[PDB]
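Have a look at the structure below before the remarks.
With ideal geometry, Cβ positions are generated from the backbone for all residues, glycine too; neighbour counts draw on all protein chains shown. Read-outs throughout are calculated quantities, based only on the coordinates presented, and are distinct from any laboratory measurement.
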Amino acid sequence: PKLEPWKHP
Amino acid sequence: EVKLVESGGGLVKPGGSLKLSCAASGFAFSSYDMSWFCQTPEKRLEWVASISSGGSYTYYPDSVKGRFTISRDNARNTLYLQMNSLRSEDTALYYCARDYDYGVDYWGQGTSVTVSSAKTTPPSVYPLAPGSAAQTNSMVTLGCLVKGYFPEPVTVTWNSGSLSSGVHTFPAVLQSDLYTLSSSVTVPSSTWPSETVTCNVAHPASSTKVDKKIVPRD
Amino acid sequence: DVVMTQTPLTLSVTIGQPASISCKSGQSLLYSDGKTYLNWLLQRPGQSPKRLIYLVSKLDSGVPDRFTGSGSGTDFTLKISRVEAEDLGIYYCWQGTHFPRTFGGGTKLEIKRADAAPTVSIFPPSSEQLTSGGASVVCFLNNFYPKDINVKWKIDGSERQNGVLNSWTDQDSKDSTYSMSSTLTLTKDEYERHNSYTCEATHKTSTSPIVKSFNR
C-alpha cells in the first residue's frame with residue numbers, strides 16, 4: 001500500500 | 001485501460017438528496033482506495049470523499065462530513081456517493097478517482113450536479129440578422145440568442161451539424177435563475193441568402209427543440 | 001486547511017520556449033516519514049484531470065520528461081523545457097500530506113500568436129423578442145488576440161453598464177484566438193424611447209475603439 005499519511009495503516 | 005464512468009447527476013433542490021454512481025473497469029477495483037472530487041463552476045477543484053479498498057474506512061472534509069456518504073459494491077465494481085442536505089455550494093462537476101501512487105492516478109469524466117430551487121424553463125430562441133450589405137461584403141455573420149432557460153445544458157448546432165466551421169458558441173451565464181447564451185456563425189455573403197441558415201437548439205431538461213431559420217430582417 | 005497558492009494566474013507562453021509555474025503551501029508538506037505528498041495535475045479544456053506529477057518529482061508515465069517537478073518545504077515548481085500546442089490548459093498543484101487534501105487555484109496556460117483585432121458585429125433586437133416586450137442588443141467580437149478587451153455600451157451617446165452581460169470563449173485550439181459576446185438587455189419601452197445604439201470595443205491593437213452602431 002502506497003497511501004497518504006492520513007490513511008488508515 | 002483503467003476506466004471510471006460517473007452517473008446520476010441532475011437538478012436537485014436545497015435540502016434534497018442525490019446518489020451518484022461510478023462504474024469502474026479495466027482494473028482490480030477491490031484492490032484500490034477510491035475518491036470523489038468536484039470542480040465548481042468557477043474551476044476550483046475540491047476533495048469530496050475517500051473509501052478504503054475494502055470499504056472499512058471512509059474519510060471526509062468537514063464541509064461534507066455528516067451530509068454525504070461514500071461506499072462501494074466490490075462484487076459489482078461500483079463506487080457511490082449518497083449526498084444528503086444539498087446546498088447551492090455543492091453545485092459542481094463531480095469526479096470519481098482512483099487512489100494510488102501516494103495520491104490519485106486516474107479521474108473519470110464527471111457527472112454534473114446543480115442544487116437550486118429555481119424552475120426548469122425552456123429557452124426562447126431569437127434569430128440575429130444584420131441590416132446593411134456587410135462591412136467585409138465577403139463574409140456575413142449571423143446568430144441566435146438562446147435566452148431564459150434553466151437548468152444547463154442546451155446544445156446549439158447550425159443547419160443540423162453541417163455548418164460547423166465559423167461557429168462560436170458562447171458559455172451560458174446565469175443571471176436571475178436563468179441562463180442566456182448566444183452562438184455566432186460566419187458564412188460567405190454569397191451563401192446567405194441563397195441557402196438557408198438555421199440554428200438548432202435543444203434543451204433536454206424541458207424536452208424542447210427549436211429550429212430557428214435566420215431570415216434577413218425587413 | 002493547508003493553503004495552496006499558485007502563481008501566475010495565467011501564463012502565455014510560446015511554442016518552443018520553456019515555462020515555469022509556482023505553487024506555495026502555507027505550511028510544510030514534508031511528512032515525518034521522509035516522503036512529500038505534493039502533486040501536479042493538468043486539465044485540458046473540456047477534458048478530465050490528468051495526473052502529471054506525484055511525490056514532488058515522479059513523472060506520470062503518460063507524460064513526457066519535458067516536464068519536471070521540484071521544490072521542498074513550501075515552494076514547488078513545475079517547468080516545461082519546451083512548450084507544445086497540447087500543453088494548453090489549467091495546471092493545479094495539490095497536497096495530500098495534511099488532512100484534508102487541498103488544491104491550489106489553477107494556473108491557466110495560454111499560447112502566444114500574432115495579434116488580431118476582433119471582427120465586431122452588432123445586432124438589434126428581433127421582432128420576436130420585442131413582442132415578448134423585451135429587447136437585447138448583441139455584439140460579437142470574434143477571433144481576436146490577446147485575451148484582454150474592453151467593451152462599453154452607448155445609448156444616444158450616453159454610456160450604459162447596468163443591463164449588460166458578457167461571455168468569453170476558451171482560447172480556440174485551432175487558431176489560438178479568443179471570442180466574446182456582449183448582450184445589452186432593456187425593456188421594449190426603454191429601447192423604443194432612444195435612437196442610437198452603440199457597441200464600442202477597446203482592444204490593445206488600437207489606439208482607437210472599434211465602434212459599431214445602428215439607429216432605431
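A straight Cα-to-Cα reach below 19 Å connects C:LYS35 with the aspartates and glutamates A:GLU4, B:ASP99, B:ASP101, B:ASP105, C:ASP60, C:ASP75, residues fewer than 8 places away in its own chain not being considered.
For the residues of B:107-114, the average number of beta carbons from a partner chain within 10 Å of their own beta carbon is 2. For the protein assembly as shown, B:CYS38 stand unpaired, since no other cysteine beta carbon lies under 4.7 Å from theirs. Only loop residues by DSSP count here, and only those with at most 14 other Cβ atoms within 10 Å; note down the GluC sites (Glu not before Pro) in region C:134-213 that meet that. When the GluC sites (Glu not before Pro) of region C:134-213 are filtered for loop state and at most 14 Cβ neighbours within 10 Å, C:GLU159 remain. If both residues of a DSSP beta bridge must be in the protein assembly as shown, then about 95% of such bridges are antiparallel. For the pair C:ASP75 and C:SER57, the difference between a 0.36 nm per residue extended length and the Cα-Cα distance amounts to 5.2 nm. Helical runs (DSSP H, four residues minimum) scored at -39500 (n - 2.57) apiece and divided by the length of chain C put the mean residue ellipticity at 222 nm at -1000 deg cm²/dmol.
Using Cβ point charges alone (K and R +1, D and E -1), the dipole size of the protein assembly as shown about the Cα centre works out to roughly 160 debye. Across peptide B:178-185, the mean count of Cβ atoms from other chains lying within 10 Å of each residue's own Cβ comes to 4.
For the set C:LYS24/C:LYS147; B:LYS147/B:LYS213; C:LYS50/C:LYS174; B:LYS19/C:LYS108, the pairs lying more than 23 angstrom apart at their alpha carbons are C:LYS24/C:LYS147; B:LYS19/C:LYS108. The alpha-carbon atoms of the protein assembly as shown, seen along their principal axes, cover 75, 48, 39 angstrom, with the largest extent given first. The trypsin sites (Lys or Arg not before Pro) of region B:44-111 that DSSP puts in a loop, and whose beta carbon has at most 15 other beta carbons within 10 Å, are B:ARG44, B:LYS65, B:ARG67, B:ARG87. A crude spin-label estimate for the pair B:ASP62 and C:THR14, with each label 7 Å from Cα along the Cβ direction, gives 4.7 nm. Quick check on chain B: take the gyration tensor over C-alpha atoms, sort the square-rooted eigenvalues as a ≥ b ≥ c, and tell me if it's rounded (a/c under 1.5), prolate or oblate. Cα axes put chain B in the prolate bin. Compare the Cα positions of C:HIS203, C:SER181, B:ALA134 along the charge dipole of the protein assembly as shown (+1 at Cβ of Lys, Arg; -1 at Cβ of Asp, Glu; about the Cα centre) and return the one farthest towards the positive end. It is C:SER181.
In loop segments of region C:47-87 as defined by DSSP, the trypsin sites (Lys or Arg not before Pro) with at most 15 further C-beta atoms inside 10 Å of their C-beta are C:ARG66, C:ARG82.
FRET efficiency for the pair C:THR68 and C:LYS35, taken as 1/(1 + (r/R0)^6) with r the Cβ-Cβ distance and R0 = 22 Å, rounds to 0.75. Annotation: the antiparallel percentage among DSSP beta bridges lying fully within chain B is about 95. Per residue, the convex hull around the alpha carbon atoms of region C:114-216 comes to 98 Å³. Dipole check for chain C: with +1 at the C-beta of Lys and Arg, -1 at the C-beta of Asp and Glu, and the Cα centre as origin, the magnitude is about 320 Debye. Exposed loop sites, defined as GluC sites (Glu not before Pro) outside DSSP H, G, I, E and B with at most 16 other Cβ atoms within 10 Å, are absent from the longest region of chain B, namely B:43-194.
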